[PDB]
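The structure appears below as structure tokens.
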Number of protein chains: 2
Amino acid sequence: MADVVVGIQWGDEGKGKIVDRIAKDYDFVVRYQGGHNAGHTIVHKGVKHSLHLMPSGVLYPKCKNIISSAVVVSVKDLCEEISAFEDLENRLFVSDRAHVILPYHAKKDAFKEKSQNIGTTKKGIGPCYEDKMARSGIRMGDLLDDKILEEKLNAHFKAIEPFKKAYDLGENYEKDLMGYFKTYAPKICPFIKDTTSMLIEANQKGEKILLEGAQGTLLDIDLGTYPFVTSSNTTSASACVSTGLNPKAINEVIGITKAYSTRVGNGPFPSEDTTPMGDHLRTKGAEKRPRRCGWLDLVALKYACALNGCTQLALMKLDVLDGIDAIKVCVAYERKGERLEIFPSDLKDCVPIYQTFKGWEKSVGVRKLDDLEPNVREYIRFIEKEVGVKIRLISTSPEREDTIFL
Amino acid sequence: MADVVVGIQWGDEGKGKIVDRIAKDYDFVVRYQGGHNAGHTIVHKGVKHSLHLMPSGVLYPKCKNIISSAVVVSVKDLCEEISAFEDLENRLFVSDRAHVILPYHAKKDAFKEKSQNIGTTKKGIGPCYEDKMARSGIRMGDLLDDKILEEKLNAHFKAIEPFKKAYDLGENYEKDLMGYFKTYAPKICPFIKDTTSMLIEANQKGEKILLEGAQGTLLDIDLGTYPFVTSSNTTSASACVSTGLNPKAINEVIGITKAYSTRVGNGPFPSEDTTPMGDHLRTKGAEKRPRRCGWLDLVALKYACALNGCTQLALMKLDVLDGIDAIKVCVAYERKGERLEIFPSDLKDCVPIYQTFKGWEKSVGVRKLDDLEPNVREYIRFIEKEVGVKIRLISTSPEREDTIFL
Ligand SMILES: O=c1[nH]cnc2c1ncn2[C@@H]1O[C@H](COP(=O)(O)O)[C@@H](O)[C@H]1O
Ligand SMILES: O=c1[nH]cnc2c1ncn2[C@@H]1O[C@H](COP(=O)(O)O)[C@@H](O)[C@H]1O
Ligand SMILES: *Cc1c(COP(=O)(O)O)cnc(C)c1O
Ligand SMILES: *Cc1c(COP(=O)(O)O)cnc(C)c1O
């Protein structure tokens, strides 16, 4: 259908779990932006699969996993993920137009982070996107032709010369990078395809397509909490730029929202709770950089739902809240005496206004609406009424099957 | 509705004309990407309006013109456009999240162009987008607070120091840029708004929104003829990233296609015709850098229609073809003995396969389907059948009113 799964907060909402849970019903599962800054996590029958760039349809061999054109690819790292699975040939395809992360990029990221202090993943995501905007970047299809690759590498070496000292590239950068591609190009080349053509066709034939967002909406380069964002567009619309699909192809948009909020890295966080009331969240939800913890923020949620056109919500990680005395929800902002109901473009001086809810004790592992505590259902009802989007999926532990459908 | 007007070739298709022609029927007209690399041109009653970043609803005072968040803004240049119109306050709004083009950017563009030779507009578009990906860029909202602006300017000056020689910035860069903002910030600040909120609301209230693409689909940074592209996403999906609108809000997608093709700048162009058969196109269609001229390319058109989800086409500049003996249409590609029907990701060795059509003599200024020569209608019929999208608008001169609706 091109349905889309999107994180509607600042990442870590539980996207990997939801994609894995529904992927069996699709022909294609598509990672459309970001890189291995992502960590989409699947748990099933006590086995944890930590994915980075590998799409989250990988546990269903009939699914075709697509890494689309707006992604940035650390080839070595993707090769390491490929090696963990059997017979990925014919069920993983990497866009020939995806951009390639070089070691300069990670070094540059660390260098710039000394002044900017965004809290990046230090994986060179941003600098890879920069080179894409410069139109100097290498793309996956370049690896298919030794002569083209060699030429682009020589232009890169020439271009980075003035930076070797600053970014601490070392004496052997150029020989090391040559050898890198000698090692990894043969490993990844069989998977490189025109995925744009592939998805245009699939859409035309009415095959079922699931688009897997990374990061989350409030990390969007344009509309998120800039400059405390990633360098890619994270919303549902981005899925129908990366891919070849058009906006009219988008059917369901599933907004993945944790039952509380996190950020990892710096930047504004209106509902962050550094008081003892937040300590439960830290104990069970901070954890690898520990996440900043706080409450669900309906102001921000409503904003993200509008940006994405969510048709349904998945409410994630209810089990983290088990045992908490009370749950707060940020229902509005106070800014110097004004009540704000709408998410503003600058969060300066925005203080959360909270409603308090009774906690629950034992959502963990519940598989039926009937088996949930009243206080859980009361919370769900409040959220979906305030936001105006039905909660259709409820996750009660990391396990694939600990998921309730409505 | 959020309808979208998109250029489905490499720019210069006649977008400005179509937006101006239909804008009276909308509440909002939104420029969603690019900058003053654009030149959307309107002619009405013998007056030519050359727009660059100003949206093409400006001649209808009841329209609200929006410059959205994914645009890059040369403030001085926008101020110069503002000064050509009366009472723009309350009918032009500039996103507080739009990025700001600095003089370093244009210089950097010219510097890099010595090695890359893309054929950019040398307006610093690409380097502005680079700084956006770096998350070091200045945005329009920063101009609203003198202290914030001063801080970002000081970080910029520190960051550009190693480049002053290379990019030939000059002794007085820093004092000149300080004075620039002293001059232009007061002029532009009244127009700076949260346009994301504004369009979310308008969409919720069912107000009519027209989204005005710049450049064209084959210039898209991800899916166009990389590296001979612009540094922004140009398709209909990009309109529902920049803006706050979601993909489900998109209704009509009007693909603007010239009756022949141009490119300006370097890069692949399968249907380019440098033979005498193309000379008519050059005489009447090259013209300020002259455009490379060639034939309509249905392979590329079908690709762009899929990317955008076009619901209708506008066929533009029929008058340029008046007097030509014969018109060719590229219906497929030959690549080393293989017939390709689908646009590939690499145009190496793709040679056009042509069908030839009889020309016409006097489409210029015709306002009724009935008054068109048969050979014009035969061409239209062929195009819309091969592409599978109805031609609903036909332009027979630059003049607003020389437009036929079906
Ligand atoms: O998967 C993710 N989860 C949470 N935050 C992320 C993720 N990927 C990137 N980020 C955040 O996005 C911002 C930019 O990091 P970058 O994507 O490495 O440039 C930082 O705040 C990161 O911590
Ligand atoms: O309005 C436009 N018309 C046609 N080509 C454009 C336009 N804007 C940018 N381009 C082209 O897009 C490419 C990149 O230019 P840039 O947008 O200045 O970086 C070049 O091929 C330009 O000639
Ligand atoms: C849930 C969670 C993840 C995984 O979430 P995705 O959206 O699948 O990336 C990662 N880290 C933390 C701390 C989490 O709570
Ligand atoms: C038509 C045309 C333009 C204007 O087209 P837009 O899509 O409005 O930018 C500019 N230059 C040339 C050569 C043209 O033919």
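So that the names make sense, note that chain A is the first sequence line, chain B the second, and so on, each numbered from 1. One-based numbering, in listed order, for ligands and for the atoms of each. The analysis underlying the following values was restricted to heavy atoms, covering all of them including side chains, and did not include hydrogens, waters or symmetry mates.
Of the listed options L219(B), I221(B), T230(B), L219(B) places a heavy atom closest to atom 11 (C) of ligand 2. Selection from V264(B), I118(B), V72(B), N266(B) by nearest heavy atom to atom 21 (O) of ligand 2 gives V264(B). Of the listed residues (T262(A), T41(A), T120(A), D109(A)), the one carrying the non-hydrogen atom nearest atom 15 (O) of ligand 1 is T120(A). Compare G265(A), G35(A), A106(A), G119(A) by their heavy atoms: the one nearest to atom 20 (C) of ligand 1 is in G119(A). The residue among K123(B), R291(B), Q215(B) with a heavy atom at the shortest distance from atom 7 (C) of ligand 2 is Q215(B).
Between the side chain of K15(B) and the backbone N or O of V5(B) there is no donor-acceptor pair closer than 3.5 Å.
Taking the six-membered ring where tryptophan is involved, the planes of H99(B) and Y226(A) are perpendicular, since the angle between them exceeds 60° and thus also 30°.
One finds a salt bridge joining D279(B) and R282(B) here, because a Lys/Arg side-chain nitrogen approaches an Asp/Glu carboxylate oxygen to under 4.0 Å. Between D222(A) and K132(B), at least one side-chain nitrogen of the basic residue sits less than 4.0 Å from a carboxylate oxygen of the acidic one, meeting the salt-bridge criterion.
Residues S271(A) and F269(A) are in side-chain contact: their nearest non-hydrogen atoms beyond the backbone lie under 4.5 Å apart. No side-chain heavy atom of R263(A) sits under 4.5 Å from any side-chain heavy atom of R291(A).
Heavy-atom proximity to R135(A), at under 4.0 Å, picks out these atoms of ligand 2: 14 (C), 19 (O). Below 4.0 Å from some heavy atom of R289(B) lie the following atoms of ligand 2, by number and element: 22 (C), 23 (O). With ligand atoms numbered from 1 in the order given, ligand 1 contributes 13 (C), 14 (C) to contacts under 4.0 Å with heavy atoms of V229(A). Atoms of ligand 1 found under 4.0 Å from any heavy atom of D12(A), numbered from 1 in the order shown, are 3 (N), 4 (C). Atoms of ligand 1 found under 4.0 Å from any heavy atom of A38(A) (numbered from 1 in listed order, with element): 1 (O). Interface atoms of ligand 1 facing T121(A), defined by a heavy-atom separation under 4.0 Å, are 9 (C), 15 (O), 16 (P), 18 (O).
Side-chain N/O atoms of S261(B) and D297(B) include no donor and acceptor closer than 3.5 Å. Side-chain contact, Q33(A) with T234(A): no donor N or O sits under 3.5 Å from an acceptor N or O. Inspection of the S395(B) and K17(B) side chains reveals an N or O donor paired with an N or O acceptor under 3.5 Å.
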Quick check on ligand 4: any N or O pairs to the protein under 3.5 Å? One line per pair.
unit_1, atom_1, unit_2, atom_2, d
ligand 4, 5 (O), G14(B), N, 3.4
ligand 4, 7 (O), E13(B), N, 3.2
ligand 4, 7 (O), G14(B), N, 3.0
ligand 4, 7 (O), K15(B), N, 2.9
ligand 4, 7 (O), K15(B), NZ, 2.6
ligand 4, 8 (O), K15(B), N, 3.3
ligand 4, 8 (O), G16(B), N, 2.9
ligand 4, 15 (O), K317(B), NZ, 2.4

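Taking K122(A) as the reference, nothing meets the salt bridge (charged side-chain N to carboxylate O under 4.0 Å, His left out) condition, with sequence neighbours excluded.
Of the options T121(A), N37(A), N233(A), a side chain to side chain donor-acceptor pair (under 3.5 Å) to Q215(A) is made by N37(A) and by none of the others.
The closest approach between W10(B) and ligand 2 falls below 4.0 Å for a heavy atom of the residue. Under a 4.0 angstrom heavy-atom cut-off, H40(B) registers as lying outside contact with ligand 2.
Considering backbone and side-chain atoms together, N37(B) places an N or O closer than 3.5 Å to an N or O of ligand 2.
To the nearest 0.5 Å, atom OH of residue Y32(A) and atom OG of residue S236(A) are 6.5 Å apart.
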Do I67(A) and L78(A) pass the side chain to side chain contact (heavy atoms under 4.5 Å, CB included) test, and can you show the C-alpha distance, the side-chain angles, and the key distance before you say yes or no? CA-CA 10 Å; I67(A) 295 167; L78(A) 178 55; 3.8 Å; yes
